[PDB]
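First comes the structure, then the notes that go with it.
All Cβ positions, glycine included, derive from the backbone under ideal geometry; neighbour counts span all protein chains shown. Numbers and lists here come from the model and the stated rules, or from a named source; these are not laboratory values.
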Amino acid sequence: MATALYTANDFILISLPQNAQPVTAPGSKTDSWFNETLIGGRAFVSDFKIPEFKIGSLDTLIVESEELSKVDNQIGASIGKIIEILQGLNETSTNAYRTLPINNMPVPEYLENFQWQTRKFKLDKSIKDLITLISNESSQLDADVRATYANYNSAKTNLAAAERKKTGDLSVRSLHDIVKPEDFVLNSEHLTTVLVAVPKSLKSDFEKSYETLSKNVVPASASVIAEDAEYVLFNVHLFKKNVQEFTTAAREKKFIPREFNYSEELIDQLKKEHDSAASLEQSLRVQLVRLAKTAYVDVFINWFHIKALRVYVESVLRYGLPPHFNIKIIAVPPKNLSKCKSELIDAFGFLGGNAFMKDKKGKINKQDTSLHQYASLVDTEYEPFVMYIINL
Amino acid sequence: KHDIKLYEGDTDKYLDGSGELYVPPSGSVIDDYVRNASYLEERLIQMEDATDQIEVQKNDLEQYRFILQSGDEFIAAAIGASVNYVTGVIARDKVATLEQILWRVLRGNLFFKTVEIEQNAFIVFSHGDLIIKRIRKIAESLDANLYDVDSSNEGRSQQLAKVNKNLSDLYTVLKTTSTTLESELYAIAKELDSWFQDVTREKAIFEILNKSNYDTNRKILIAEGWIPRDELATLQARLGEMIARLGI
Amino acid sequence: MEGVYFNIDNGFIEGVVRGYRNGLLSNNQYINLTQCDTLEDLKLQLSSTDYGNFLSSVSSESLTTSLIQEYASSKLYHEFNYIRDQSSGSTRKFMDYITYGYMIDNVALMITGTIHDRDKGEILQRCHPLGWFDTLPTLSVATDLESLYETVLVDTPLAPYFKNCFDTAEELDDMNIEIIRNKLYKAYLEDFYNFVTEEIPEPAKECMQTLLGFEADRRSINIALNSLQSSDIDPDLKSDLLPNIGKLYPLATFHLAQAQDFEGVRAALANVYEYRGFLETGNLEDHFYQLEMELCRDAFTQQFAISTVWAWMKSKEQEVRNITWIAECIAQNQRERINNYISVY
Amino acid sequence: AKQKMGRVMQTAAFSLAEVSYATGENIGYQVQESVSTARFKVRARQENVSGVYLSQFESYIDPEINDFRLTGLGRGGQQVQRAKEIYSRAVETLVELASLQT
Amino acid sequence: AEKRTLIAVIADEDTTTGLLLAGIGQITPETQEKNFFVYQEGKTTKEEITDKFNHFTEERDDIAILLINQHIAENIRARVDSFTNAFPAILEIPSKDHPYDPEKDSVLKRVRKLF
């Protein structure tokens, strides 16, 4: 029915023997029935004719289906996470990347022109290597997109800590962009500057007190260099020995000193931290948005490669011969899936079972039970003919 | 074990009809009673474990009798080895459906499903000789006895011939066990009550006499006296208001 | 409506609680304390509060484990033990029941602890009506259920423990730590509900009502998350099913509690809740705290209410823990894992 | 490796300590009843380093060993649940480094 | 070789608790004697640690690696130094809220002389 719906079309992939005839329209043609009869003719049929592959023996065949089911579900999940990493980044908002190009060809248009891709996946190769290659590609790609989104989240956290240090709230913050040679003196060692983080109420209280906190406090130094909502930030100059007396005396009044000296290396390194943190988040975000989009397409081509494979092998297991099947991808318009699924079951169901057949509709995903999951590795409810439901 | 339940509230008297009969007016010798119960405890433990081991094997082989006969006829591979058959018992034909559902989803339609009603269900799956393990995994997980060949007895040709002679040993060896157990049961039921009454009475003497310090700081007088045995009867009639007249 | 009643008794309990809340650590302080890493600064912020009294006593710039536990124990005696005794009426009773309900988890653990064999003396802080010098040891030595009932009758007023013991006779509580505690909590939350229902006509519950339900939902999802992938027995109330007005449903809690993975539930539940369903055990833990932290503060807007004092007690348990967590990191010059990451109190 | 183990052991120990104090009960007592197996064990090998045989160890984590039941305590249970996960990772460090010591 | 697969602990209460949860030690089901020893700092006499030392090294033999806190190991310095065997291994790690010291490390002393 749905699982990550935007405005994307939903697809049902079916395969049949070449001797099959519908019983719902007797004597009619299969290809004609799909376009014409099927859910009031609002059914858009596209080709999707999957080639022959190297099929194993009987013992190996059981094991080939078991793995197709697992790998299919992994790729399907992993793509779901990639879409999410984008959704969160605001690179997918209204609609994006479920209808967007897949190597310069939209998603619905791409399925119709999808018949097998000879990009690196060959029919002179074994089945086994096809499952191992496609699945490795899919896992590896997801892991890089995940590693960058984790690093980006960390990077935001560093930048946020940094802006507040460069001005915001005082409790860990020392200023470094509002320096001046006279509001911040330290050139020998006699004079130093202590900064005092003072609550707003307490601002008058500091202007009065500043001189009395220790002996040898420089005259008229008390000025608000910076000011925020909760706090007003003062500079006072005084003698270095006296800094201990000054700080303790400041804490009785119920101010909070923030210690920052005007050493050259200090000023430079805090400033650097702000900059280096903005440059890390910036570079990363551009590579990361690009990397997911590039990953997205690859895992899309790979998801369909397994399904095509999965469906083909399964068809062989259930119908037997001929090995030549009549295979289609039917584009269902959103919310007609249940009605479409039922009609197909009535016509074609007799072929795969004349008693192993019941009416069914839609696709429900669960971890309540394992029934209704349509899979050949866990026990499910047996479908009367090969039909797989794709939700985009 | 005996499926006779304890009688209690206890006779230890010599007033009563039963008191005289199930408790001898004589003295008690602890050694004799310990040795009597020893021999019987040992015999039973053998008898009880042996009935269960013998009985279980019999119920199974009688079950797999009909199974191997039906399964060979279902023929030209009865003593075959290049074809794989799976004979199996299952509790009911209901449980068998759930198996059928696993099979069809996970292995394809490589089975032929036949069923015969027992008294259980004989189920039969028939397969290749190289897909056995996968069928086996399904059989284990739904509690079925589908084995490749049922029974560890197969050794004559047919399988069944060996099975049928081993089923004749099982039946007669269980019956002999049942007889030894029965015989001994009728023999000792009555004896157990008498020794039980005797043993109660020994506990009481020791207690009367002071066998621990606690009985001492609770009653401090213990007296002695001689009662003719022809009169033992009348002393036990009144148990004593806060006096114990339980005697030898 | 609240303050539509004149009470001699409510006036005493409400003012004494307000008197503590004045010096009490604000939201802004906790925000300042995470930022810190300076040994001296942590002292200063705290010196000034109710907790600051104890801090002054022994002056330690780096706070060790023991110091923190000692300060919190001292602080629960003035704030909770004392208050009850100079309070009277229905208002003292409501305070006794909340304190005793916390005691039932502690004392239950001590009793269960005897069965396992364990060392006792001082037991870690909680809000209890009377210290570990009065009630808790007397209850502890009786492991026999029969004697438990008798020992509760001596306590005037009665403890909840009397009902809890009735229950363990009929074996609706089973054995093992995890299952017992889940049942003790289920009762705990049930007692909260019965009280609100009687109490409501003169002091209404608005702020308290929203907080009591959100607390209930969180507690139950948490119990379930714990028994997800650790084993779960399906017929037991290890899913913590309890009445609700429909904010959390029995069905949705049961799905999570069993070992089948049911992370989805949390996400569907949230629409304004902090916990939204994640793959990080640690991130879930952070969120739980912040949610339960909010709405206590909102409850303070009301006054002359049973609503106010309840929300305050439950905030106090969450503050003692925050103090511990922040203080220890700053002591050995590290930053917080959970507290630095949370930012809404 | 001594310095490295020390940092890891102090950090895992402090996260466990915080949790013990917040819940208001001592987790360690609960933990001592439940410990009756060990997940992380070693398997011994003799390795020729020159002509002499030295003791080497290679560590195994039993996957047949479930989680202990010290969770579900309420809010206090969440705290222990996160706690064991950091600690199993940490403890693995101590043992793998320890193989060289012997 | 293999005849030992427990890791025993002499450590502060929190460190030990943690380690057990993680699963290293145990309370045995046929000796009913711990295969770990918890320590309350400064509250436990130096003589009790020594009994426990003997216990893991000698009176038990299923101990592979013996872990021991530097703060604690120092108190009973004499017994640790005298233990020079590899069965069980002695590996001193820093105590909780204590930094590395090469001289609370029995093995490092031994190695340094006679190199």
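From B:232, B:209, B:174, grab the single residue that is of a type in the set (A, V, I, L, M) and farther than 25 Å from residue B:248 by Cβ.
None of the others qualify; the one that does is B:174.
In the stretch E:99-115, which residues are assigned to a loop (DSSP other than H, G, I, E, B) and facing chain D (nearest Cβ under 8 Å)?
E:99, E:100, E:105
For residue B:223, state whether it is touching a helix residue (DSSP H, G or I) at 6+ places or on another chain (Cβ under 8 Å), in a loop (DSSP other than H, G, I, E, B) and within 26 Å of residue B:26 (Cβ to Cβ).
For residue B:223, the condition - touching a helix residue (DSSP H, G or I) at 6+ places or on another chain (Cβ under 8 Å), in a loop (DSSP other than H, G, I, E, B) and within 26 Å of residue B:26 (Cβ to Cβ) - is not met.
Quick check on the stretch B:76-106: of everything there that is aliphatic (A, V, I, L, M) and in a helix (DSSP H, G or I), which residue is surrounded by the most Cβ atoms within 10 Å (Cβ to Cβ)?
This residue is B:106.
Every residue in the stretch C:124-160 that is exposed (fewer than 12 other Cβ atoms within 10 Å of the Cβ) and closer than 30 Å to residue C:67 by Cβ, please.
Within the stretch C:124-160, C:133 is the sole residue that qualifies.
Could you check the stretch C:233-291 and list, in sequence order, the residues that are buried (at least 19 other Cβ atoms within 10 Å of the Cβ), polar (S, T, N, Q) and part of a loop (DSSP other than H, G, I, E, B)?
C:239, C:258 - these are the residues of the stretch C:233-291 that are buried (at least 19 other Cβ atoms within 10 Å of the Cβ), polar (S, T, N, Q) and part of a loop (DSSP other than H, G, I, E, B).
Of these, E:72, E:90, which one is outside any helix (DSSP H, G or I), under 19 Å from residue D:94 (Cβ atoms) and of a type in the set (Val, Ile, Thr)?
E:90
For (1) over 26 Å from residue D:20 (Cα atoms); (2) not polar (S, T, N, Q), each residue gets a yes or a no:
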| position | (1), (2) |
| --- | --- |
| C:120 | no, yes |
| C:126 | no, yes |
| C:132 | no, yes |
| C:135 | no, no |
| C:140 | no, no |
| C:154 | yes, yes |
| C:158 | yes, yes |
| C:162 | yes, yes |
| C:166 | yes, yes |
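State all residues of the stretch B:12-56 that are touching a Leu at 6+ places or on another chain (Cβ under 9 Å), closer than 28 Å to residue B:248 by Cα and not hydrophobic (A, V, I, L, M, F, W, C); if no residue qualifies, say none.
B:12, B:13, B:14, B:20, B:25 - these are the residues of the stretch B:12-56 that are touching a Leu at 6+ places or on another chain (Cβ under 9 Å), closer than 28 Å to residue B:248 by Cα and not hydrophobic (A, V, I, L, M, F, W, C).
Within the group A:147, A:143, A:96, which residue is outside the structural domain of residue A:232 (by CATH), more than 30 Å from residue A:311 (Cβ to Cβ) and not β-branched (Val, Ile, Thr)?
A:147 is the lone residue from the list that is outside the structural domain of residue A:232 (by CATH), more than 30 Å from residue A:311 (Cβ to Cβ) and not β-branched (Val, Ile, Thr).
Output the residues belonging to the stretch E:1-55 that are small (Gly, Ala, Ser) and either part of a helix (DSSP H, G or I) or within 8 Å of chain D (Cβ to nearest Cβ) (or both).
Listed by number, the residues that qualify are E:1, E:18, E:22, E:23, E:25.
If we only count helices (runs of 4 or more DSSP H) wholly inside the stretch C:1-109, which ones have 1 or more residues that are farther than 30 Å from residue C:182 by Cα and touching a strand residue (DSSP E or B) at 6+ places or on another chain (Cβ under 9 Å)?
Helices (runs of 4 or more DSSP H) meeting the threshold: C:27-35, C:39-47.
Does residue E:92 fit the bill of being exposed (fewer than 15 other Cβ atoms within 10 Å of the Cβ) and charged (D, E, K, R)?
The answer is no for residue E:92.
Return yes when residue E:72 is β-branched (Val, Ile, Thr), at the interface with chain D (Cβ under 8 Å from one of its Cβ atoms), closer than 18 Å to residue E:34 by Cβ and in contact with a helix residue (DSSP H, G or I) (Cβ under 8 Å, 6 or more places away or on another chain) and no when it is not.
Taking the combined requirement at face value, the residue does not satisfy it.
On the basis of being among the aliphatic types (A, V, I, L, M) and surrounded by 22 or more Cβ atoms within 10 Å (Cβ to Cβ), does residue E:9 make the cut?
When the stated conditions are applied, residue E:9 passes them.
Might you check whether a residue that is surrounded by fewer than 17 Cβ atoms within 10 Å (Cβ to Cβ), in contact with a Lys or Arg (Cβ under 9 Å, 6 or more places away or on another chain) and more than 14 Å from chain C (Cβ to nearest Cβ) occurs anywhere in the stretch A:241-263?
yes
From the set of residues in the stretch C:110-137 that are under 30 Å from residue C:324 (Cα atoms) and in a helix (DSSP H, G or I), which is nearest to the other protein chains (Cβ to nearest Cβ)?
Out of the qualifying residues, it is C:116.
I'm trying to understand the selection: among the residues of the stretch C:70-83, which are of a type outside the set (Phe, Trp, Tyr) and surrounded by 18 or more Cβ atoms within 10 Å (Cβ to Cβ)?
C:72, C:75, C:76, C:79, C:83 - these are the residues of the stretch C:70-83 that are of a type outside the set (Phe, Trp, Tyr) and surrounded by 18 or more Cβ atoms within 10 Å (Cβ to Cβ).
Residues in the stretch C:48-56: is at least one hydrophobic (A, V, I, L, M, F, W, C) and surrounded by fewer than 16 Cβ atoms within 10 Å (Cβ to Cβ)?
Scanning the stretch C:48-56 turns up no residue that is hydrophobic (A, V, I, L, M, F, W, C) and surrounded by fewer than 16 Cβ atoms within 10 Å (Cβ to Cβ).
Going by the structure shown, is residue E:64 within 20 Å of residue E:80 (Cα to Cα), more than 8 Å from every other protein chain (Cβ to nearest Cβ) and surrounded by 24 or more Cβ atoms within 10 Å (Cβ to Cβ)?
Judged against the criteria, residue E:64 is not a match.
Determine the pairs where a residue that is within 19 Å of residue A:315 (Cα to Cα), located within the stretch A:335-359, has a partner that is in a loop (DSSP other than H, G, I, E, B) and small (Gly, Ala, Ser) with Cβ atoms under 7 Å apart, the partner being 6 or more residues away or on another chain.
Pairs found: A:341/A:362; A:348/A:20; A:351/A:20.
Here is a yes/no grid of residues against (1) assigned to a helix (DSSP H, G or I); (2) surrounded by fewer than 16 Cβ atoms within 10 Å (Cβ to Cβ):
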| position | (1), (2) |
| --- | --- |
| A:1 | no, no |
| A:21 | no, no |
| A:49 | no, yes |
| A:64 | yes, no |
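Quick check: anything in the stretch C:307-323 acidic (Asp, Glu), within 14 Å of chain D (Cβ to nearest Cβ) and surrounded by fewer than 16 Cβ atoms within 10 Å (Cβ to Cβ)?
Looking through the stretch C:307-323, none of the residues is acidic (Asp, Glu), within 14 Å of chain D (Cβ to nearest Cβ) and surrounded by fewer than 16 Cβ atoms within 10 Å (Cβ to Cβ).
Here's the yes/no breakdown for (1) surrounded by fewer than 21 Cβ atoms within 10 Å (Cβ to Cβ); (2) within 11 Å of another protein chain (Cβ to nearest Cβ):
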{"residue": "A:306", "(1), (2)": "no, no"}
{"residue": "A:317", "(1), (2)": "yes, yes"}
{"residue": "A:323", "(1), (2)": "yes, no"}
{"residue": "A:346", "(1), (2)": "yes, no"}
{"residue": "A:358", "(1), (2)": "yes, no"}
{"residue": "A:385", "(1), (2)": "no, no"}
